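# Reading the structure
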Amino acid sequence: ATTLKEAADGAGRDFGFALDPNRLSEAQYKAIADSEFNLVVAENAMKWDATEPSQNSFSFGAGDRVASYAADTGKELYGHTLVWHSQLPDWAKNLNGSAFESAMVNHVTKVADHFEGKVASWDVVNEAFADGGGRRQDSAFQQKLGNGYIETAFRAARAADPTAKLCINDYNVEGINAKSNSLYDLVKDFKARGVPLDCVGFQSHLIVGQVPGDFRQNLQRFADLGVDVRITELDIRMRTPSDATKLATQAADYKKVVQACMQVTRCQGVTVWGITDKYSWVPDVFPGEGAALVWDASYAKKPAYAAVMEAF
Ligand SMILES: *[C@H]1O[C@H](CO)[C@@H](O[C@@H]2O[C@H](CO)[C@@H](O)[C@H](O)[C@H]2O)[C@H](O)[C@H]1F
(Lines give C-alpha, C1' and ligand atoms only; values in the text may rest on other atoms or scores of the structure.)
Protein backbone atom coordinates (compact mmCIF):
# COMPACT_ATOMS: atom_id res chain seq x y z
CA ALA A 1 0.00 0.00 0.00
CA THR A 2 1.09 3.64 -0.41
CA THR A 3 -1.51 5.36 1.80
CA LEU A 4 -2.89 4.31 5.15
CA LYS A 5 -6.28 4.15 3.46
CA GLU A 6 -4.97 1.31 1.28
CA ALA A 7 -3.34 -0.52 4.16
CA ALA A 8 -6.55 -0.36 6.29
CA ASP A 9 -8.68 -1.22 3.23
CA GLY A 10 -6.71 -4.42 2.62
CA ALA A 11 -6.90 -5.26 6.32
CA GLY A 12 -10.67 -5.05 6.10
CA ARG A 13 -10.62 -2.25 8.66
CA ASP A 14 -11.45 1.38 9.30
CA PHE A 15 -8.90 4.13 9.61
CA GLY A 16 -10.54 7.46 10.31
CA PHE A 17 -9.96 11.02 11.38
CA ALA A 18 -11.71 13.80 13.28
CA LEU A 19 -12.78 16.39 10.68
CA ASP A 20 -13.10 20.16 11.29
CA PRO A 21 -15.14 21.21 8.16
CA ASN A 22 -13.62 24.69 8.21
CA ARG A 23 -10.23 23.22 7.32
CA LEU A 24 -11.27 21.71 4.01
CA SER A 25 -10.30 25.06 2.44
CA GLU A 26 -6.60 24.38 3.20
CA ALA A 27 -5.29 22.30 0.29
CA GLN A 28 -2.77 20.28 2.22
CA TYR A 29 -5.40 19.46 4.83
CA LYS A 30 -7.87 18.33 2.22
CA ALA A 31 -5.26 16.41 0.25
CA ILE A 32 -4.41 14.26 3.27
CA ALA A 33 -8.04 13.87 4.32
CA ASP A 34 -8.98 12.66 0.82
CA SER A 35 -6.10 10.23 0.44
CA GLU A 36 -5.34 8.65 3.82
CA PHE A 37 -8.56 7.71 5.53
CA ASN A 38 -11.61 5.65 4.84
CA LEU A 39 -13.76 6.93 7.69
CA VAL A 40 -14.58 10.36 9.00
CA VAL A 41 -16.17 11.64 12.22
CA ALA A 42 -17.07 15.18 13.10
CA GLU A 43 -14.66 16.66 15.68
CA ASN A 44 -17.30 19.14 16.91
CA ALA A 45 -20.08 19.51 14.31
CA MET A 46 -22.38 16.79 15.70
CA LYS A 47 -22.30 17.40 19.46
CA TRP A 48 -25.23 18.87 21.39
CA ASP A 49 -24.03 22.45 21.48
CA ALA A 50 -23.58 22.60 17.69
CA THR A 51 -26.84 20.88 16.84
CA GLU A 52 -29.42 22.23 19.34
CA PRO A 53 -27.95 25.64 20.38
CA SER A 54 -31.33 26.52 21.81
CA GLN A 55 -34.15 24.27 22.88
CA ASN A 56 -35.86 22.71 19.89
CA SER A 57 -33.91 24.81 17.38
CA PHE A 58 -31.69 22.50 15.40
CA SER A 59 -28.76 23.68 13.42
CA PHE A 60 -27.56 20.96 11.07
CA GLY A 61 -25.28 23.05 8.90
CA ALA A 62 -21.83 22.03 10.14
CA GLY A 63 -23.07 18.49 10.62
CA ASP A 64 -24.38 18.23 7.07
CA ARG A 65 -21.11 19.63 5.74
CA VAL A 66 -19.30 16.65 7.36
CA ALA A 67 -21.89 14.17 6.21
CA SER A 68 -21.58 15.53 2.63
CA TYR A 69 -17.85 15.31 2.69
CA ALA A 70 -18.00 11.62 3.59
CA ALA A 71 -20.61 10.75 0.90
CA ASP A 72 -18.69 12.72 -1.74
CA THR A 73 -15.38 11.04 -1.07
CA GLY A 74 -16.73 7.56 -0.41
CA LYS A 75 -15.78 7.46 3.32
CA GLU A 76 -17.71 5.80 6.13
CA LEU A 77 -19.30 8.28 8.57
CA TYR A 78 -19.16 7.83 12.37
CA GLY A 79 -21.45 9.93 14.58
CA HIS A 80 -20.22 11.85 17.63
CA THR A 81 -22.06 12.33 19.93
CA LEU A 82 -25.61 12.16 21.16
CA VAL A 83 -25.45 12.26 25.00
CA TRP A 84 -22.40 13.77 26.71
CA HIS A 85 -21.94 15.82 29.87
CA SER A 86 -19.52 18.36 28.32
CA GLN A 87 -20.49 20.92 25.69
CA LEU A 88 -24.06 20.81 26.99
CA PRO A 89 -25.78 24.17 26.45
CA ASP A 90 -27.06 26.02 29.52
CA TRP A 91 -30.73 25.68 28.57
CA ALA A 92 -30.33 21.92 28.98
CA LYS A 93 -28.35 22.27 32.20
CA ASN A 94 -31.25 24.33 33.60
CA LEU A 95 -33.87 21.69 32.79
CA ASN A 96 -35.10 19.36 35.52
CA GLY A 97 -36.78 16.00 35.95
CA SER A 98 -39.09 14.63 33.27
CA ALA A 99 -38.66 17.87 31.38
CA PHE A 100 -34.90 17.24 31.16
CA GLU A 101 -35.63 13.65 30.19
CA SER A 102 -37.88 14.84 27.35
CA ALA A 103 -35.21 17.26 26.06
CA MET A 104 -32.75 14.40 26.02
CA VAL A 105 -35.12 11.96 24.26
CA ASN A 106 -36.03 14.64 21.69
CA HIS A 107 -32.36 15.57 21.02
CA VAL A 108 -31.51 11.90 20.48
CA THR A 109 -34.59 11.42 18.28
CA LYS A 110 -34.14 14.48 16.07
CA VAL A 111 -30.41 14.26 15.58
CA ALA A 112 -30.52 10.49 14.90
CA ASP A 113 -33.49 10.86 12.51
CA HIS A 114 -31.79 13.66 10.58
CA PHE A 115 -28.72 11.58 9.85
CA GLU A 116 -30.52 8.27 9.41
CA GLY A 117 -28.89 6.23 6.66
CA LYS A 118 -25.86 8.52 6.53
CA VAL A 119 -24.21 7.84 9.95
CA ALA A 120 -23.18 4.15 10.14
CA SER A 121 -22.45 4.12 13.94
CA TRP A 122 -23.13 6.58 16.73
CA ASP A 123 -21.53 7.23 20.14
CA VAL A 124 -24.95 7.37 21.83
CA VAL A 125 -23.48 7.95 25.29
CA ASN A 126 -19.95 9.13 25.83
CA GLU A 127 -17.97 9.34 29.12
CA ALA A 128 -20.56 7.95 31.47
CA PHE A 129 -17.99 6.41 33.87
CA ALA A 130 -15.72 7.81 36.55
CA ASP A 131 -12.02 7.15 36.72
CA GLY A 132 -11.69 4.87 39.72
CA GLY A 133 -14.97 3.12 38.99
CA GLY A 134 -18.68 3.77 39.16
CA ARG A 135 -20.74 6.46 37.39
CA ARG A 136 -19.45 9.93 36.55
CA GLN A 137 -20.73 12.25 39.31
CA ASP A 138 -20.25 15.62 37.62
CA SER A 139 -22.69 14.73 34.79
CA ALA A 140 -26.05 16.49 34.51
CA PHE A 141 -27.55 13.28 33.08
CA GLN A 142 -26.44 11.16 36.02
CA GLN A 143 -27.48 13.77 38.57
CA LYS A 144 -30.88 14.63 37.15
CA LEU A 145 -31.84 11.17 35.87
CA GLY A 146 -29.99 8.57 37.91
CA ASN A 147 -28.64 5.33 36.47
CA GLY A 148 -31.26 4.48 33.88
CA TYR A 149 -30.50 7.36 31.47
CA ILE A 150 -28.02 5.32 29.43
CA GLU A 151 -30.57 2.61 28.68
CA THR A 152 -33.15 5.30 27.76
CA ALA A 153 -30.68 6.85 25.28
CA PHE A 154 -29.96 3.58 23.55
CA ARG A 155 -33.64 2.65 23.35
CA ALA A 156 -34.57 6.10 21.95
CA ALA A 157 -31.68 6.05 19.40
CA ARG A 158 -32.64 2.54 18.21
CA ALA A 159 -36.21 3.69 17.71
CA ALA A 160 -35.09 6.69 15.56
CA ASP A 161 -32.55 4.71 13.57
CA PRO A 162 -33.19 0.96 13.16
CA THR A 163 -29.82 0.14 11.62
CA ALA A 164 -27.03 2.47 12.87
CA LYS A 165 -24.57 0.60 15.15
CA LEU A 166 -25.17 2.06 18.63
CA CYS A 167 -21.99 2.49 20.77
CA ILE A 168 -21.03 3.66 24.27
CA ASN A 169 -17.64 5.42 24.34
CA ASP A 170 -15.06 6.32 27.04
CA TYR A 171 -11.42 7.15 27.90
CA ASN A 172 -9.06 5.45 30.40
CA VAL A 173 -10.83 2.18 29.75
CA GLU A 174 -8.06 0.89 27.55
CA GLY A 175 -6.48 -1.34 30.16
CA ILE A 176 -8.17 -3.61 32.65
CA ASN A 177 -8.96 -1.35 35.59
CA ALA A 178 -11.79 -0.11 37.72
CA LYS A 179 -13.24 2.13 34.99
CA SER A 180 -13.16 -0.52 32.25
CA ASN A 181 -14.50 -3.02 34.75
CA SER A 182 -17.60 -0.93 35.42
CA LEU A 183 -17.90 -0.40 31.66
CA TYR A 184 -17.72 -4.19 31.16
CA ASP A 185 -20.44 -4.85 33.72
CA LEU A 186 -22.82 -2.40 32.02
CA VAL A 187 -22.28 -3.93 28.56
CA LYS A 188 -22.82 -7.43 29.98
CA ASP A 189 -26.01 -6.26 31.59
CA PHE A 190 -27.30 -4.56 28.44
CA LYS A 191 -26.63 -7.62 26.29
CA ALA A 192 -28.26 -9.94 28.85
CA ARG A 193 -31.42 -7.80 28.98
CA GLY A 194 -31.58 -6.98 25.28
CA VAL A 195 -30.89 -3.24 25.60
CA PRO A 196 -29.84 -2.17 22.08
CA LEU A 197 -26.02 -1.71 22.17
CA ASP A 198 -23.77 -2.87 19.42
CA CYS A 199 -20.25 -1.57 19.97
CA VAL A 200 -17.83 -0.10 22.52
CA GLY A 201 -15.41 2.67 21.73
CA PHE A 202 -12.07 3.26 23.46
CA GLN A 203 -10.93 6.82 23.08
CA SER A 204 -7.22 6.04 23.48
CA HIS A 205 -5.97 9.52 24.36
CA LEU A 206 -2.64 8.02 25.48
CA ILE A 207 0.74 9.36 26.75
CA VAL A 208 3.96 8.46 24.94
CA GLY A 209 5.65 5.38 26.38
CA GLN A 210 2.51 4.55 28.39
CA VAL A 211 0.40 2.16 26.26
CA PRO A 212 -1.47 -0.39 28.47
CA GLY A 213 0.17 -3.81 28.16
CA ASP A 214 -3.16 -5.55 28.44
CA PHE A 215 -4.87 -3.53 25.64
CA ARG A 216 -5.46 -6.57 23.40
CA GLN A 217 -6.63 -8.63 26.37
CA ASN A 218 -9.21 -5.99 27.31
CA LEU A 219 -10.57 -5.43 23.73
CA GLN A 220 -10.99 -9.20 23.43
CA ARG A 221 -13.01 -9.60 26.59
CA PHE A 222 -15.51 -6.94 25.39
CA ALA A 223 -15.65 -8.56 21.98
CA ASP A 224 -16.48 -11.86 23.65
CA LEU A 225 -19.59 -10.25 25.04
CA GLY A 226 -20.83 -10.12 21.45
CA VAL A 227 -20.21 -6.43 20.67
CA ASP A 228 -17.85 -4.80 18.25
CA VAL A 229 -15.06 -2.62 19.59
CA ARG A 230 -13.29 0.38 18.10
CA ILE A 231 -10.49 2.76 18.89
CA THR A 232 -12.07 6.16 18.64
CA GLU A 233 -9.96 9.19 19.43
CA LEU A 234 -6.38 8.04 19.23
CA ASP A 235 -3.53 10.45 19.80
CA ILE A 236 -0.38 9.73 21.87
CA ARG A 237 0.85 12.99 23.39
CA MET A 238 4.29 14.05 24.71
CA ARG A 239 6.07 16.89 26.43
CA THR A 240 7.17 19.29 23.75
CA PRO A 241 9.38 19.92 22.04
CA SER A 242 9.51 16.54 20.34
CA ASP A 243 12.84 14.93 19.51
CA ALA A 244 14.22 11.86 17.76
CA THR A 245 13.65 9.58 20.75
CA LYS A 246 10.18 10.87 21.65
CA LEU A 247 9.13 10.40 17.99
CA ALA A 248 10.61 6.89 17.90
CA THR A 249 8.78 5.81 21.06
CA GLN A 250 5.51 7.36 19.77
CA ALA A 251 5.97 5.39 16.53
CA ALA A 252 6.25 2.15 18.50
CA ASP A 253 3.24 3.19 20.59
CA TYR A 254 1.12 3.71 17.43
CA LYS A 255 2.18 0.27 16.22
CA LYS A 256 1.11 -1.42 19.46
CA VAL A 257 -2.32 0.23 19.48
CA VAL A 258 -3.02 -0.74 15.87
CA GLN A 259 -1.81 -4.36 16.34
CA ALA A 260 -4.02 -4.76 19.41
CA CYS A 261 -6.90 -3.93 17.08
CA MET A 262 -5.64 -6.16 14.25
CA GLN A 263 -5.54 -9.05 16.73
CA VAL A 264 -9.16 -8.86 17.88
CA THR A 265 -11.43 -9.97 14.98
CA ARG A 266 -14.27 -7.65 16.03
CA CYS A 267 -12.11 -4.56 16.31
CA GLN A 268 -13.62 -2.44 13.50
CA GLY A 269 -10.64 -0.15 13.12
CA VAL A 270 -8.90 2.96 14.43
CA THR A 271 -9.80 6.66 14.29
CA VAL A 272 -7.12 9.22 15.05
CA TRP A 273 -8.23 12.54 16.62
CA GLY A 274 -7.16 14.88 13.86
CA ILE A 275 -4.67 15.00 11.07
CA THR A 276 -1.92 17.37 11.98
CA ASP A 277 -0.32 18.55 15.21
CA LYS A 278 -1.12 22.16 14.39
CA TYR A 279 -4.87 21.84 15.04
CA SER A 280 -4.64 19.23 17.82
CA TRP A 281 -6.83 19.78 20.87
CA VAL A 282 -3.99 18.70 23.20
CA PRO A 283 -2.07 21.97 23.87
CA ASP A 284 -5.26 23.76 24.89
CA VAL A 285 -6.06 21.26 27.64
CA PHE A 286 -2.64 19.96 28.70
CA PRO A 287 -0.35 22.99 28.39
CA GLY A 288 3.21 21.86 27.74
CA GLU A 289 2.15 18.67 25.95
CA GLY A 290 1.54 18.05 22.25
CA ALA A 291 2.92 16.56 19.05
CA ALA A 292 0.36 13.76 19.39
CA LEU A 293 -0.77 13.16 15.82
CA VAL A 294 0.59 11.39 12.75
CA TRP A 295 1.50 14.58 10.79
CA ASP A 296 3.47 17.44 12.27
CA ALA A 297 2.46 21.09 12.00
CA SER A 298 4.18 21.41 8.60
CA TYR A 299 2.20 18.47 7.29
CA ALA A 300 5.27 16.28 7.29
CA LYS A 301 4.79 12.64 8.19
CA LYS A 302 6.23 11.68 11.54
CA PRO A 303 7.69 8.17 12.12
CA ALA A 304 4.25 7.17 13.42
CA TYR A 305 2.98 7.26 9.83
CA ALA A 306 5.17 4.30 8.90
CA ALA A 307 4.41 2.40 12.15
CA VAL A 308 0.66 2.40 11.46
CA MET A 309 1.33 1.26 7.88
CA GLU A 310 3.22 -1.75 9.32
CA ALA A 311 0.61 -2.62 11.91
CA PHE A 312 -2.11 -2.88 9.25
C1 LIG B 1 -13.01 12.77 22.74
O2 LIG B 1 -12.08 13.68 23.32
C3 LIG B 1 -11.94 14.85 22.47
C4 LIG B 1 -10.85 15.73 23.09
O5 LIG B 1 -11.38 16.57 24.11
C6 LIG B 1 -13.29 15.54 22.34
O7 LIG B 1 -13.21 16.57 21.35
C8 LIG B 1 -12.85 17.82 21.80
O9 LIG B 1 -14.03 18.27 22.47
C10 LIG B 1 -13.92 19.65 22.91
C11 LIG B 1 -15.23 19.99 23.65
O12 LIG B 1 -16.39 19.82 22.83
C13 LIG B 1 -13.65 20.58 21.73
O14 LIG B 1 -13.44 21.92 22.18
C15 LIG B 1 -12.41 20.12 20.97
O16 LIG B 1 -12.20 20.93 19.82
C17 LIG B 1 -12.56 18.66 20.57
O18 LIG B 1 -11.37 18.21 19.93
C19 LIG B 1 -14.35 14.51 21.89
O20 LIG B 1 -15.62 15.13 21.77
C21 LIG B 1 -14.42 13.33 22.85
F22 LIG B 1 -15.57 12.65 23.22
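Residues numbered from 1 in each chain as written, not as in the entry; some residues may be left out. Heavy atoms only, no water. Residues with missing side-chain atoms left out of burial classes, pairs and counts.

Taking the PDB entry as the reference, the protein chain is identified by name as BETA-1,4-D-GLYCANASE CEX-CD belonging to Cellulomonas fimi.

Around the ligand, 13 residues are found, and the nearest of them are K47, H80, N126, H205 and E233. Within the side chain of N44, a nitrogen or oxygen atom sits 3.0 Å from an oxygen atom of the ligand. A distance of 2.7 Å separates an oxygen atom of the ligand from a polar atom in the side chain of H80. Burial of the ligand by the surrounding chains reaches 75%, relative to a free accessible area of 470 Å². When atoms are counted within 2 Å of each cavity's grid points, the one that captures over half of the ligand is the largest pocket. By residue class, the composition of the shell around the ligand is three nonpolar, six polar and four charged. (Near = heavy atom within 4 Å. Polar contact = N/O pair within 3.5 Å; in protein donor to acceptor, adjacent residues only side chain to side chain. Areas by Shrake-Rupley, 256 points an atom, 1.4 Å probe, with all protein chains shown as cover. 1 Å grid on protein atoms, 1.4 Å probe; cavity = no way out; pocket = protein on both sides within 12 Å on 5 of 7 lines; lining within 4 Å. Sits in = over half its atoms within 2 Å of the grid points. Nonpolar A, V, L, I, M, F, W, Y, C, P; charged D, E, K, R; others polar.)

As enumerated under the stated definition, the model contains 17 aromatic pairs in all. Note on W48 and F141: the rings are 5.8 Å apart at their centroids and 50° apart in plane angle, and the pair reads as tilted. Here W48 is found in helix α3 (residues 48-51), whereas its partner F141 is found in helix α7 (residues 140-145), with 93 residues between them in sequence. Just as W48 is buried, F141 falls in that class too. One aromatic cluster is present, formed by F15, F17, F37, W295, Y305 and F312 through successive ring pairs. Positioned above the aromatic ring of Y171, the side-chain terminus of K179 is 3.4 Å from the ring centre. The ring of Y305 has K301 lying over it, and the distance from NZ or CZ to the ring centre is 3.9 Å. (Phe/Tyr/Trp six-rings, centres within 6.5 Å; stacked < 30°, edge-to-face > 60°. Helix = DSSP H or I, 4+ residues; strand = E, 2+ residues; numbered from the N terminus. Buried < 20%, exposed > 50% of the residue type's maximum accessible area, 1.4 Å probe, protein only. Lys NZ or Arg CZ within 6 Å of the ring centre and 35° of its normal.)

Time to look at the layout of surface pockets. In this structure, the largest pocket occupies an estimated 300 Å³ of space. In terms of lining, the largest pocket is formed by 16 residues, of which the most central are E127, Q203, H205, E233 and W281. Tallied by class, the residues present in the lining of the largest pocket amount to five nonpolar, six polar and five charged. (Points joined across faces, edges and corners; volume = space filled by probe spheres on them.)

Within the fold, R136 resides in the loop between β4 (121-126) and α7. Overall, the relative accessible area of 9% leaves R136 in the buried class. Separated by 3.3 Å, the side chains of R136 and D138 make a polar contact. Side chain to side chain, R136 and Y171 meet in a polar contact 3.1 Å long.

Tallied over the entire structure, the rule returns 15 salt bridges. Residues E151 and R155 are paired through a salt bridge, measuring 3.1 Å at the closest nitrogen-oxygen approach. Taken as a pair, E151 and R155 lie in helix α8 (residues 149-160) at a separation of four residues, close to a single helical turn. Several salt bridges share partner residues, and in doing so they unite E151, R155, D189 and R193 into one network. (Salt bridge = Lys/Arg side-chain N within 4 Å of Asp/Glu carboxyl O.)

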